[PDB]
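Okay, here's what each chain looks like letter by letter:
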Protein chains: 2
Amino acid sequence: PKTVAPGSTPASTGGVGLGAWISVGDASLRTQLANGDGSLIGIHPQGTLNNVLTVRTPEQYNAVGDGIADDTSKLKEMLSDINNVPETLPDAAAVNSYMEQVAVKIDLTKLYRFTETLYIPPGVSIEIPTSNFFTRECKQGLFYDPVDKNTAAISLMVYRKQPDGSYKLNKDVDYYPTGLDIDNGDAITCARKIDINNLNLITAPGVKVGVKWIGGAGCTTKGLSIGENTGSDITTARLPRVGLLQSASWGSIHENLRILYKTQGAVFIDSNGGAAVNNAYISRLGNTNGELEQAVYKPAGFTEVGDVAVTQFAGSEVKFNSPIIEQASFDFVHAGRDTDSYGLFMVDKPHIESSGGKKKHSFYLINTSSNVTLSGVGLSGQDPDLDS
Amino acid sequence: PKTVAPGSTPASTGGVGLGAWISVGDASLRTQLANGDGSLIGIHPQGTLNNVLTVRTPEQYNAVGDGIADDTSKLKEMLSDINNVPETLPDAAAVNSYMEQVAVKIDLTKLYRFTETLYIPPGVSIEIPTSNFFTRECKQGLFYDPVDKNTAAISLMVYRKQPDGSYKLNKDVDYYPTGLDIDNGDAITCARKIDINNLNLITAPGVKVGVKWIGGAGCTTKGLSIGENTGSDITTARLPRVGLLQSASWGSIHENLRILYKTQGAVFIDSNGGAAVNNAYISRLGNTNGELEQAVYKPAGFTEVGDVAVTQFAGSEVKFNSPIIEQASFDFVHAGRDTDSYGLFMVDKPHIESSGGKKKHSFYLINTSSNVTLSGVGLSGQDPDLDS
Ligand SMILES: OC[C@H]1O[C@H](O[C@H]2[C@H](O)[C@@H](O)[C@@H](O)O[C@@H]2CO)[C@H](O)[C@@H](O)[C@@H]1O
Ligand SMILES: OC[C@H]1O[C@H](O[C@H]2[C@H](O)[C@@H](O)[C@@H](O)O[C@@H]2CO)[C@H](O)[C@@H](O)[C@@H]1O
């Protein structure tokens, strides 16, 4: 005989399974199925449903996915269930271990409004069926809509050494680690095994930075698409002031990156050895008042006023293969490393265009060398004296 | 008490749910499961089955998938359920709106025979597990088998203006929009947010055009594979005369495109700024009678006879990187724009080969400039006077 004390549960009196409690009847089947993992369902050629379910979705966490409801905690919970990285860690060994966990794929098929910077832990693949392209109304992806606009929508994890030898996750928008920081332990990257396929990210007007790709060595992107072609007034367009900011990401590859921006498209700083940006399509949403934008992250030698599609400095040498740059005051601003002019400006066959022939310079090169191959496409601006 | 009138249903007497009607028993469960969406099946770490099922297949529509039965209506239904765009539209706002719908991924794992041109609407991702490569018998993909061979197997959507001011979907096999048409309003593209991975397309012998990549700005492809390596006799092979025809597709990228053709491999016309074709493997199925093939779509300046692997004109300047071209009479035929010679012919390290050393010319250049990098692979024809 089996004695069951008052206040018992099947789980607390032997569990449910062979030799213990066995579910019987329809009510129990309903709950067994509803609270299971799919193991009750057989599949072909053999095995059970759970054996083949590996993707995660915000819907599993009840995200509304309409770009209205605040789905922040749902997205964070989804991320946490994959790899929950505490914001404070004791030492190097502790932060490094979070890059040695199981990686999981996430599929974003609706529109998720969020109001706090999302930090992607290592071991994450994010996918969306297709990439946005001058999309007027974003329907699938992330919509960053915070109270504090002096922030980034998305950011990789980089831990900063504290006075007591402990490490705290960086949450400062303007911060980016240097190759030196990574060498001397002042910063420790917690960004690895991250893959993006078609992530669409829109932003409330005025948000400072779209994506902070910091410390992402070996991390990859394909079809990453930033910004919304909301309307003619860029001042209300749902796109960030700065599309992407990248540092300490050697060996990182961005395939067919798409960026709709207001102030700066993409910025690459310090160590990014061997990193490539292929077939990028970077455009200011029209060039109205473009010449009045003020670059936010720029080398000291660049003091000119005007929007910049691509900015690079502090020894960064990203390879730009066949980029398409549109509607920019400055297509490229590049500075060699202050100390020795290190960092070759490499642009192969750029497709440069701007409505009404409005432009300041295509290649603004400071204390540097370069190898550029022209493809019979380009222009110089309307000022007969200053534009070149 | 609850009174239920004769001829009632649960829906007509309060609905199903808390505070109303609740399903009870095995029979109810069987029907709920059969007619549901997976919501009764829990999965890990939380949520239900419906939350993670996002991919569509033709099997959901009972397609036979054997390459014999005509699965046309079922492929069309699957496409329509994703984005059902009317063949006739009121104005531009109307057609533009269809590029702002939720995108869906389709997985093709069997062989689907169809008999009318398939029009891929915006917001569609297509994937097949692997790409065909000189495949003798196509097992997975699409097989176009029409009564009228003067047609295209697959086409993107471009709307043509009508005398009354309305717009109609183009169904003319030879039509392609120009940059001028798009600028005009004469044409409005409805091809955006389309991604193709490993799509295998074979066609009945005699089919004019395999794929009409028109207006596909920012659309991408990887492993698109056209044509079947049926047998030694090309007149009987399951491949089209013209593999791919592209126009108005600036920023479109074709990665590792594979084409087996009879007349012309790929054709690129008019505005295609910044578009790239990487590691294409284009080959006529042998060169037997290749010299007699007459190019269908080509510039006026080209009047020679012979098959052409790659044809480009009207100001199109697609970048061809590491293409592999085999058994062609003419590897490339390129004409700069009539008015100002615009449109640089760019080919980087082409791997050119032809059986028996049979060939007319590799680079037939008309009213144009070019930058070509040779990789120590190539040859010139057997005519000691004309071939170069
Ligand atoms: O030597 C490193 C780098 O330091 C300064 O860069 C600034 C930059 O000007 C700001 O826009 C922002 O991004 O912070 C950076 C340093 O944290 C110098 O101005 C620059 O020339 C130099 O390369
Ligand atoms: O000015 C554009 C273009 O017009 C003609 O191109 C023809 C082509 O010859 C045909 O094969 C077919 O594709 O229709 C095209 C447009 O009607 C000229 O022959 C060509 O040279 C010219 O660049």
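As shown above, the structure is provided for reference.
What comes next concerns the included structure. (Residues numbered from 1 in each chain as written, not as in the entry; some residues may be left out. Chains lettered and ligands numbered in written order. Part of a larger assembly, values for the part shown. Heavy atoms only, no water. Residues with missing side-chain atoms left out of burial classes, pairs and counts.)

## Section: the overall build of chain A
The line we're drawing: Only DSSP runs of H or I with at least four residues qualify as helices, and only runs of E with at least two residues qualify as strands; both kinds are numbered from the N terminus onward. Residues are treated as being in contact if the distance between any of their heavy atoms lies within 4.5 Å.
Within chain A, the regular secondary structure consists of five helices and 30 strands. Structurally, chain A occupies a C-alpha span of about 100 × 45 × 45 Å along its principal axes. A separation of at least 24 residues holds for 69% of the contacts in chain A among residues at least 6 apart in sequence.

## Here's the deal with the site of ligand 2
Residues and elements named next belong to chain B. Rule in force here: Near residues are defined by distance, with any heavy atom within 4 Å of the molecule or strand qualifying the residue. By the criterion applied in these results, polar contacts are pairs of N or O atoms within 3.5 Å in which, for protein atoms, one can donate a hydrogen and the other can accept it, and in which residues neighboring in sequence qualify only through two side-chain atoms. Residue exposure ignores everything except the shown protein chains as possible cover, and the areas themselves are Shrake-Rupley values with a 1.4 Å probe. Under the grouping applied here, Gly and all other residues not named as nonpolar or charged are polar, the nonpolar ones being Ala, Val, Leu, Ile, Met, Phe, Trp, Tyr, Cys and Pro and the charged ones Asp, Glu, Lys and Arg.
Taken together, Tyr176, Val296, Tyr297, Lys298, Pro299, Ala300, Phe313 and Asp338 are the residues near ligand 2. Backbone polar atom of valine 296 to an oxygen atom of ligand 2: 3.3 Å apart, as the coordinates give it. One nitrogen or oxygen atom from the main chain of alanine 300 is found 2.8 Å from an oxygen atom belonging to ligand 2. Here ligand 2 loses 56% of its free accessible area of 470 Å² to cover by the protein chains. Grouping the constituent residues of the shell around ligand 2 by class yields six nonpolar, no polar and two charged.

## Observations regarding the packing of aromatic side chains
Heads up, the condition is: Paired rings are identified among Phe, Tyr and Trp, the last through its six-membered ring, by centres lying within 6.5 Å, and are further divided according to the angle between planes into stacked (under 30 degrees), edge-to-face (over 60) and tilted (the rest). Geometrically, a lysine NZ or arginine CZ counts as sitting over a ring once it is within 6 Å of the ring centre and also within 35 degrees of the ring normal.
For the structure shown, the criterion picks out 24 aromatic pairs over all chains. By the ring-pair criterion, three or more aromatic residues cluster together here, those being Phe268, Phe320, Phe332, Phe345 and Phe363 of chain A. Between the NZ or CZ atom of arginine 238 of chain A and the centre of the ring of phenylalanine 143 of chain A, over which it lies, the distance is 4.6 Å. The side chain of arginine 160 of chain B reaches across the aromatic face of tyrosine 175 of chain B, ending 4.3 Å from its centre.

## Considerations on the pattern of salt bridges
Note that side chains of opposite charge can pair when their charged atoms are close. All names here are of chain A. Put simply, the test is: When a carboxyl oxygen of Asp or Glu lies within 4 Å of a side-chain nitrogen of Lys or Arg, that pair is called a salt bridge. Residue burial is assigned from relative accessible area. The probe radius is 1.4 Å, only protein chains are included, and a residue is buried under 20% of its type maximum, exposed over 50%, and partly exposed in between.
Under the criterion given, the structure shown has 24 salt bridges over all chains. The partner of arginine 284 in a salt bridge is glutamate 293, and the shortest N-O contact between them spans 2.7 Å. What makes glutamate 293 buried here is its relative accessible area of 7%. Note that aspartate 340 is salt-bridged to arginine 337, the shortest N-O span being 2.8 Å. Judged by relative accessible area, which is 42%, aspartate 340 ranks as partly exposed. Under the relative-accessibility criterion, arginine 337 is labelled partly exposed at 34%.

## Some details on the relation of the copies chain B and chain A
Keep this limit in mind: Alignment of the copies rests on a least-squares superposition of C-alpha atoms.
Mapping chain B onto chain A calls for a rotation angle of 120° and an axial translation of 0.2 Å; the resulting RMSD is 0.7 Å. This pairing of chains is accounted for by a three-fold axis. If distances are taken from each C-alpha of chain B to the rotation axis, the shortest is found for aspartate 26 of chain B, at 3.3 Å. The share of interface residues of chain B whose copies in chain A are also at the interface is only 8%, consistent with the copies meeting through different surfaces.

## Regarding the sheet that holds strand 1 (residues 66-70) of chain B
All names here are of chain B. Heads up, the rule is: What makes two strands pair is DSSP finding at least two bridges between them.
Reading across from one edge, 1-4-7-13-16-19-22-25-28 is the order of the nine strands in this open sheet, with parallel pairing throughout. Two strands close off the open sheet at either side, each with one partner strand: strand 1 and strand 28 (351-353). Pairing geometry for strand 13 (residues 200-203) and strand 16 (residues 225-226), over two bridges, is parallel. By the bridge assignment for strand 16, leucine 201 is matched with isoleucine 226.

## Here we look at the site of ligand 1
Residues and elements named next belong to chain A. Surveying the vicinity of ligand 1 reveals the residues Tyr176, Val296, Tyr297, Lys298, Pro299, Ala300, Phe313 and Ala314. At 3.2 Å from an oxygen atom of ligand 1 is found a main-chain nitrogen or oxygen belonging to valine 296. One of the backbone N or O atoms of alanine 300 is found 2.9 Å from an oxygen atom in ligand 1. Calculation on ligand 1 without its partners gives an accessible area of 480 Å², and the protein chains cover 57% of this total.

## So, the environment of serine 125 of chain B
Its location among the elements puts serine 125 of chain B in strand 6 (residues 124-127). Each C-alpha atom of the pair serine 125 of chain B and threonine 221 of chain B lies 9.7 Å from the other, and the pair is 96 residues apart in sequence. Filtering out sequence-adjacent residues up to four positions away, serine 125 of chain B remains in contact with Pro129 and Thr130 of chain A together with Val104, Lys105, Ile106 and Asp195 of chain B. At 3.5 Å, the side chain of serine 125 of chain B and the backbone oxygen of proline 129 of chain A are in polar contact.

## Considerations on the pairing of strand 26 (residues 330-335) of chain A
Residues and elements named next belong to chain A. Most of strand 26 sits inside the fold, with six of its six residues counted as buried. As paired strands, strand 23 (residues 308-313) and strand 26 are joined by four bridges and run parallel to one another. Of the residues in strand 26, the one forming a bridge with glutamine 312 is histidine 334. Both strand 26 and strand 29 (residues 361-366) contribute to a ladder of five bridges, which runs parallel. Note that in strand 29 the partner of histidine 334 across the bridge is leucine 365.

## A short note on helix 2 (residues 72-82) of chain B
Residue pairs three or four apart in sequence face the same way in an α-helix, which turns once every 3.6 residues. Residue and element names in this part refer to chain B. Spelled out, the test is: The directions from the helix axis to the C-beta atoms are what the arc is built from.
Within helix 2, the full set of buried residues consists of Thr72, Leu75, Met78, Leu79 and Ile82. All buried residues of helix 2 project into a common sector of 135° when viewed along the axis, lining one side. Buried-residue contacts for helix 2 involve strand 1, strand 3 (104-107), strand 4 (111-114), strand 5 (118-120), strand 6 and strand 7 (141-144).

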